[PDB]
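Read the structure below first, then the notes.
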Amino acid sequence: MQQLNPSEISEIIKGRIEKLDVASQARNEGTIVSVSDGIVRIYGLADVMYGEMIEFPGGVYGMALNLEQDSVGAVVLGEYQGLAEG
Amino acid sequence: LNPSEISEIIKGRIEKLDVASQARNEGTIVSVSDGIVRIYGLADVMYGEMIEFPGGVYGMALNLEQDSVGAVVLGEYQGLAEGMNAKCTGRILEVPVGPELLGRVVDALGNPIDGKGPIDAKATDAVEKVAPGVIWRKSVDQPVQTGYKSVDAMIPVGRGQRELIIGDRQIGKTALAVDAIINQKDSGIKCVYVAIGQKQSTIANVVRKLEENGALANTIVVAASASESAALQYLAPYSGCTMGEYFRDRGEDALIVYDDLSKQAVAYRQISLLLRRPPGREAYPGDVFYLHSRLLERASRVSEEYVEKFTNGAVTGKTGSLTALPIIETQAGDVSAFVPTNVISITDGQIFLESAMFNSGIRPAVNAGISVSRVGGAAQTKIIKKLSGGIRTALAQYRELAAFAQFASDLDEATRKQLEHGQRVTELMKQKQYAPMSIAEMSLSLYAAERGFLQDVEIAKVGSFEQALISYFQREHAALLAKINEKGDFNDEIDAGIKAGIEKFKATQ
Amino acid sequence: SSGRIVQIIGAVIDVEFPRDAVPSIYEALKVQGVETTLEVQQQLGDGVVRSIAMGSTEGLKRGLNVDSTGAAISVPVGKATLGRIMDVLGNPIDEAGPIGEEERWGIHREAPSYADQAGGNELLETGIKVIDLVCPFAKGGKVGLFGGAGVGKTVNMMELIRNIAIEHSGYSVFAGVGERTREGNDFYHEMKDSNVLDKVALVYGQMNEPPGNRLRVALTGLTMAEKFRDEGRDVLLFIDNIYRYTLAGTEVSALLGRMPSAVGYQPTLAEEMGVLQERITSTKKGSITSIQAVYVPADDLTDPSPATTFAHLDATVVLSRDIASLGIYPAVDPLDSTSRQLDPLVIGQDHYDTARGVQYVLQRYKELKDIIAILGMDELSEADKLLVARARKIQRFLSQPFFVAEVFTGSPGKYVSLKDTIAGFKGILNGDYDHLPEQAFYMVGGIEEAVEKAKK
Amino acid sequence: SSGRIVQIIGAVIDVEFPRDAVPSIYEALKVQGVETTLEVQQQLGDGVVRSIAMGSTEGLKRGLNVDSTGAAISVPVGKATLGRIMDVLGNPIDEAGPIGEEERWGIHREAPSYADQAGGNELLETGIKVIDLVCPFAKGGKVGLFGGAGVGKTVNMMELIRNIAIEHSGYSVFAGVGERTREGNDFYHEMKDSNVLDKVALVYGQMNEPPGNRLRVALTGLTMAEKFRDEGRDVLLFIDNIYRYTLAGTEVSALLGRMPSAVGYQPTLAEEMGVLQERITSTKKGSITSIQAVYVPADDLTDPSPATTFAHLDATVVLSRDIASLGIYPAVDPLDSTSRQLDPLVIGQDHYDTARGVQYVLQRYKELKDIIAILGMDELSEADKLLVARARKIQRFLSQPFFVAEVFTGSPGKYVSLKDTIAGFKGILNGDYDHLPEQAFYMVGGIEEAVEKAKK
Amino acid sequence: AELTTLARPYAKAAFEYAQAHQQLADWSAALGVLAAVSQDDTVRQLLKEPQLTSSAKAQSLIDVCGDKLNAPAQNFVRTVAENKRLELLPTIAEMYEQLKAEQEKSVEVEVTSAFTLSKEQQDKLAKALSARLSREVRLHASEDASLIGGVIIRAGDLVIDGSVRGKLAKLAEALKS
Amino acid sequence: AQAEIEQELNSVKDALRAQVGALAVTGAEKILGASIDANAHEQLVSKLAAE
Amino acid sequence: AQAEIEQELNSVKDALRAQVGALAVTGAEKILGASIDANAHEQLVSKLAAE
Ligand SMILES: Nc1ncnc2c1ncn2[C@@H]1O[C@H](COP(=O)(O)OP(=O)(O)OP(=O)(O)O)[C@@H](O)[C@H]1O
Ligand SMILES: Nc1ncnc2c1ncn2[C@@H]1O[C@H](COP(=O)(O)OP(=O)(O)O)[C@@H](O)[C@H]1O
Ligand SMILES: Nc1ncnc2c1ncn2[C@@H]1O[C@H](COP(=O)(O)OP(=O)(O)O)[C@@H](O)[C@H]1O
Ligand SMILES: [Mg+2]
Ligand SMILES: [Mg+2]
Ligand SMILES: [Mg+2]
């Protein structure tokens, strides 16, 4: 019926087989799931606030704009082409 | 009705049967909807590859999704069902090619539909191909006579040019392209007529008119009528293009007419929406521009080195060409529509037909202000190039002058001279259907106008003066017309010869 | 075997069958407890098929058993259909008992081949001045009457059924696709009282009907006409409104899971039209002369349905609301209407030049409309004034009282021959009637009656 | 490491790679066996990347292995590129063998910083009357030739190349983007026959080529121009159609999974245009003078693509279909066209007053044109009648036969100078030529020839 | 979207975990039990209820399987239920077996003939197929009277038809075309 | 006229050929359905095993 | 010409009616991939009676 959500990827599902409650252990940290057109989708960051700033590797910063039920949609405050999955 | 001949014809198929085993890649039909078939298991299917279904039905692979293959049926799909096996042929869509197709009516796959027997062609070629690159082409510098003085003088077409015929419904778009095909029966240029989404009785009437004018023996007719699968209507222009390209690649010249690219775009929009691809500007697919640009860039002129390389030295010192005459229909003159905007941006020029001029009795109905040719004088013979220089822009300025000076009081000699001349050239550009003119006939008509001989003639008598003059020169000056018709050459001897004949005509007729 | 209803959404129903017994596309199915008929449109996979109901779906539920019939909707054909009224499924709806049928034909067929086509050009006189002048019809050809709501299509057609039946001696087939039930009753009793009924086959699927009926009635009537054509006869096929076949397709398209095209139309609009239109043709066996009414949505001739229909016809008659507003009937527009028979090689130079002369005068008058509205007629040149006066007379002489329009006003109907039509317009173009008053040409049949009307 | 093709839909291809080995955005990939390259547009997650093919997809199959190259599309740069024809991937598309490359640069780059921007205002003479009068160009600036279909964009670009590129002593780059393959061949042979080819780098991507090629050819030509600029050179960059870069993004946008914006354009229209246009600039290191032709869909300058383009240019030249429809060439509109250099503090008061004088006369004539057509010329004031005559003469004196247009015009080509242009227009404005006929100013280079044409 | 598109993340995750811990046979039995158990008429209904939470549906399926699910297999079911994918369990097992077979260089080949063929013929076909494919071949031989004579081999998407029926069909198409 | 006669004549040959081919296929099926048995399979399965 | 076609048609019709057996056995022989005469002539005389 419904299409695959951003959290339904094998690296994430494989982590939940080991530790059921792997998420919510570090509510301030998440992992990049996909990157496209200046928009980054992240799994985690359970305690991010709407409009808060997100820190990525290499001194790059983003802003949280879509706090969906399964993932966070963030927009980059600079160049996005250097960011990658994982 | 000779017996035993049929037995050996059947024995030729039985004796040559492929009795050995074959290794094939296969799938199973999952769903059958609106000419679209979905299949599971075709791992090695390539994009655009032919799929073989039970009972000799064929399809084409267009969606290669991760878990399914979306195929379109190249004929009637209602006989297909869930669970049927789908097979894979390691071949791209191909059609028969060669001179054996001349004087025949065929479907979008090259099957004969005229009932005149089989086509003994000795060569097949791929329907989808890439046009020859920049270094292999040559500039356009040879003419393509349509037989109409308004087109051949103001909007010339050269060998390898692409000229759009555009207007609204029922104003002579097919009549202009069919007369251009009829005029090539003695030119040495092969013809192709592609009918897309037309009713079969309209196609049969065009073929009857080609036959009645002696032009059918030099023409290939490709038909994809209104009841045929949207896939066949979408593929027909590419099949016809491939049949025309056979002559181009071998150092010969060809002409192709696409009677409705707007109907090909509607067939492609149907397939794309049924495949669930996201729509664009008017529900049309995102790549509707590329649909026509990929087709129209094949029409070109190729250099001697390209022909020499293609034929492995069998043909030398000769260029080859494919000229195209695409047709487009507009709704109430609206050119802002997505498809017309795209095609107008690809061709080397356009011929705009106007309903107001057509209702006003100007029957070729060519709007000289909006119509234009980007090859210009390079596409004309010496005589027509000199006698037609500036006529298009002079008529464009006359139409404006006639509207500006319409209710104003009497103006100067410069204004009266321009207005009186524009009225005569406007009446001269009128021509009847199925009545083409040679280089010499068009030349006499152009000379009598631009050299001032029509200044004493009444507007209501210009048609009678032209017909009588041509009839006079054909009787008293046949050797001069034969000299002009050899190559369309011009010099002081021919200029003086025409002058003496027109003076003698007016002073005695 | 048999299946089970799995889903119901309006007129569209999904049925699940065993994997080894899935029914074919266009196959007819019957619901066990109500005998409602369903037509299969597509196979969805997993033994599930999608179908359109040929009746009302009110009272149906999930889990009901469905029987596959092994064939498409089959209707009675031949002599037994003459003087009888039938529905979309071929059942009699005239209370006159069962049809004495010898055979039945499936409603789905391929069009005749390219080699089977006929090259007929024989002129058909209608007795209507504007049609015979600028829209000449031909035997075995197709005619379309284009027009918005209340412009004259059903009246201008019924006048053609009355006038064409004078010279025609064969059979006729009438298909009522999505129009008024009262007009089907009026037409049936008119022919029954006139004793014309024994040579006409009648099929109906009017506005009161569900989408499945309105979508397939056109095919049922055409299947009866194809039987008579294939017997070697010359028959007339009348379609009450061909646009309703396309519209019934639009109501169901989103339910069939298809993405919409421009202005909400089905993506299959041109194919659905071509599959029906190509069967309506004359062949080397026999001929079908067909007249079809084409509705124009909100008076827009550029709308996708009317725009796609023009290419399927030999003669196009375009009715106008602006012309009907002036009082002129039939409200045909000479500048928008046209025919394949309007050729010097088909009708001769005298007719061709008269028709071309009328169009030139009417076109020039249309160009002056804005100037005449602002500055009045008195500012025009001496040449334009004479042309406008002749244009006004031509425009009025195109009007004609019909024998079916007598109830509306009281005036008796007129039949005008092609000879009288050409003579009248040629005289007005030459200037032979420049002295008669403009109102003498309005509603008078032949040109001599304009001379008698001017005496008052 | 290597990945495998997982999906193919049109020009867009998805490739899967190990999760520890996903290729970067804009990274180039190579298909095994088949001669095709892919560009990563997006990283979809779970090791899959979405890419656009840089070649046709007809031979491609699912499951073909693909190799990650570790970098973006890299093209040859420097002196070795001069006198050569190349494709999007930098391969030679001429029969002259391999390029003598010493360095390769990736086609994706950041624009020069705010601190690196140049500030020059050195006027550039073009030899074209209208352009030199109302649209003065400057060295190191950006020029745009706006116009619809068939109004002169390529012809004016060819005249500008002749009057600037040939005489110039630096390097040039010509990029044919979505151009007709015939125009690229015609231009190559002209550069070859003129002995100019040794100064030009030619990059071609015509309309016969896949969407991935037309989406990146502009970046290839610009990468070659940036290498020359960064060496301290003054460079010329010509682009036959910048609209085709935007269009290739619209053709592929929906299959890249992006929702459409207004008029069906990609949502990234302004950023995709800004990322390209900000690199085409003159810096403190070296200069780029650029002339771009801008296609205007259906002649409507308000369409999102043309409308977003004006803000990126210093000089805006607008070509009008209504002027071209009157036989007047070059078909430039003096009222809509403009340049940042048209300032008395940059050029001079005499030039500026002449330009504003011409514009004033033509602007006033635009409101009188519609009046004369309904009520006539004789009703206007003594000052208006005289002004209208000067406006019609000015409108004709804007015309000039070009050397590259001799095949269309028949007459020879004329080069006119800035002072000659100023003097001619001041003469018509002051009334020094009121006695000459209107037809004497049509197609005649400088003012002297108009005085001579009046005698013929 | 196909069920294979949607079940791929779960089957690939289950396979990569089962492979890394050397539990391929235990998970084949566990997923075989869950795929079988989730298809039961009473469990299929319980999994469709709108009032139960994802954790409740998952615990119910874990309690029913019990012994057959080690702690990792139980953690997987709670994840499949949290994402509301319990209807995909039959498809999840199937993709897991395909990754396993391709890893184990194994191929299951279906074979059909008009009537029974000897072990000598089966072993001759098996060595030929294993030499061609470079994989272990498991011939699932069977009979089909629809063949007039000969045999048909189906090695996944690859088919080799040597039957008399295929030759009659080639002739029928050759004569009609 | 004359061309149309040959157009009709060859169409008749093809209409007859279409019936002769269907009968020849039907005949071949019945011959093979009686001539083939276990003594033939050992000459077909063995043949395929070499291909 | 239509009358000549109708008059000549029965001459070929009875000839193809005789050839069906040869076409059927030759078609079966190719498909079998071995000589069929020893298991086909008794089939021809028994099956041709139905064609
Ligand atoms: N030169 C001409 N002189 C007189 N009549 C002409 C001329 N050219 C075309 N016509 C007539 O005008 C009509 C034009 O029909 P044609 O089919 O060529 O137009 P079309 O634009 O292709 O129409 P359609 O949209 O149906 O395809 C025909 O009746 C034709 O005979
Ligand atoms: N002389 C007339 N006076 C008034 N109405 C007329 C006249 N002639 C024709 N009509 C109109 O003709 C119409 C016939 O059908 P029409 O409305 O045009 O087609 P449709 O109902 O099928 O869309 C009638 O509704 C009627 O109002
Ligand atoms: N300066 C000009 N002189 C003569 N003809 C011109 C001129 N400018 C435009 N044209 C006409 O328009 C065409 C050339 O314009 P082109 O560069 O092809 O337009 P586009 O903007 O569509 O690329 C030719 O048909 C030519 O006759
Ligand atoms: Mg036409
Ligand atoms: Mg009505
Ligand atoms: Mg160009």
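Protein sequence lines, in the order shown, are assigned to chains A, B, E, D, W, Y and X. Residue 1 is where the first sequence starts when you use the authors' numbering, and the numbers rise one by one after that. Residue 4 is where the second sequence starts when you use the authors' numbering, and the numbers rise one by one after that. Residue 8 is where the third sequence starts when you use the authors' numbering, and the numbers rise one by one after that. Residue 8 is where the fourth sequence starts when you use the authors' numbering, and the numbers rise one by one after that. Residue 2 is where the fifth sequence starts when you use the authors' numbering, and the numbers rise one by one after that. Residue 105 is where the sixth sequence starts when you use the authors' numbering, and the numbers rise one by one after that. Residue 105 is where the seventh sequence starts when you use the authors' numbering, and the numbers rise one by one after that. The C-beta atom is built at its ideal place from N, Cα and C for all residues, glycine as well.
{"Item": "Quick one: using the 10 Å Cβ neighbour count with 16 as the cut-off for buried, is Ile287 (chain D) buried or exposed?", "Value": "buried"}
{"Item": "With a threshold of 8 angstroms, are at least 3 pairs of Cβ atoms found where one atom belongs to the segment 290–301 of chain B and the other to the segment 241–250 of chain B?", "Value": "yes"}
{"Item": "Going straight from the alpha carbon of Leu394 (chain D) to that of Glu389 (chain E), what length do you get?", "Value": "32 angstroms"}
{"Item": "Between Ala18 (chain E) and the rest of its own chain, which residues show a CB-CB distance below 8 angstroms, the 5 nearest in sequence each way excluded?", "Value": "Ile59, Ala60, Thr64, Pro217, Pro218, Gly219, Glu258, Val259 and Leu262"}
{"Item": "Quick one: what's got a C-beta closer than 7 angstroms to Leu447 (chain B)'s C-beta in the same chain, skipping five residues either side?", "Value": "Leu472, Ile473, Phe476 and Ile501"}
{"Item": "In the structure shown, what three-state DSSP assignment does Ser294 (chain D) receive?", "Value": "strand"}
{"Item": "Along the segment 157–178 of chain W, where does the CB come closer than 7 angstroms to a CB of chain X? Name the residues.", "Value": "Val165, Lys168, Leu169 and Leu172"}
{"Item": "Taking the alpha-carbon positions, what's the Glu83 (chain W) to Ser56 (chain W) distance?", "Value": "7 angstroms"}
{"Item": "What are the residues of the segment 127–138 of chain X that lie near chain W, defined by any Cβ-Cβ distance shorter than 7 angstroms?", "Value": "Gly131 and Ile135"}
{"Item": "Could you work out which residue in B:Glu85, B:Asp47, B:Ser24 and B:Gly44 is closest to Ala154 (chain Y) when comparing CA atoms only?", "Value": "B:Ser24"}
{"Item": "Let's see if you can read the secondary structure: which residues bound the alpha helix (DSSP H) around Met63 (chain B)?", "Value": "That residue, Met63 (chain B), is in no alpha helix (DSSP H); its beta strand (DSSP E) goes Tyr61 to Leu67."}
{"Item": "Is any heavy atom of ligand 3 found at a distance shorter than 6 angstroms from the C-beta of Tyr61 (chain B)?", "Value": "no"}
{"Item": "Step through the CB atoms of chain B and report whether any lies within less than 7 angstroms of the CB of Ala119 (chain X).", "Value": "yes"}
{"Item": "I need the straight-line Cα distance from residue 468 (chain D) to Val325 (chain D), nearest angstrom please.", "Value": "The structure shown does not extend to residue 468 (chain D), since chain D is modelled only from 8 through 463, so no value can be given for it."}
{"Item": "According to DSSP, which residues form a beta bridge with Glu111 (chain W)?", "Value": "W:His141 and W:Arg155"}
{"Item": "Restricting to Cα atoms, I'd like to know which of D:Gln273, D:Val224, D:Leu244 and D:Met93 is closest to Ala232 (chain D).", "Value": "D:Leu244"}
{"Item": "Along chain Y, which residues have their Cβ under 8 angstroms away from the Cβ of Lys120 (chain W)?", "Value": "Correct list: empty, because the minimum Cβ distance to chain Y is about 12 angstroms."}
{"Item": "Measure the Cβ-Cβ separation of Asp70 (chain B) and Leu277 (chain B) and say whether it is below 7 angstroms.", "Value": "no"}
{"Item": "Kindly examine ligand 2 and report whether one of its heavy atoms sits closer than 6 angstroms to the Cβ of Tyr336 (chain E).", "Value": "yes"}
{"Item": "Could you spell out the range, first to last residue, of the beta strand (DSSP E) harbouring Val108 (chain B)?", "Value": "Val108 to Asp110"}
{"Item": "Please classify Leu167 (chain E) as buried or exposed, where buried requires at least 16 neighbouring CB atoms within 10 angstroms.", "Value": "buried"}
{"Item": "Does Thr133 (chain D) pass the burial test, meaning 16 or more other C-beta atoms within 10 Å, or should it be called exposed?", "Value": "buried"}
{"Item": "Using 6 angstroms as the cut-off, classify the Cβ of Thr350 (chain B) as near or not near the heavy atoms of ligand 3, replying yes or no.", "Value": "no"}
{"Item": "Checking contacts by CB at 7 angstroms: is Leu283 (chain D) closer than that to chain A?", "Value": "no"}
{"Item": "Closest by CA to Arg155 (chain W), which one among W:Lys69, W:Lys168 and W:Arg139?", "Value": "W:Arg139"}
{"Item": "Let me know the alpha helix (DSSP H) ranges lying completely inside the segment 435–461 of chain D, each 4 residues or longer, listed in chain order.", "Value": "454–460"}
{"Item": "Measure from the alpha carbon of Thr296 (chain E) to the alpha carbon of each residue in E:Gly62, E:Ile16, E:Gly148 and E:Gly70, then state which is nearest.", "Value": "E:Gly148"}
{"Item": "Contact check, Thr227 (chain E) vs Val95 (chain E) under 8 angstroms by CB: the rounded distance?", "Value": "5 angstroms"}
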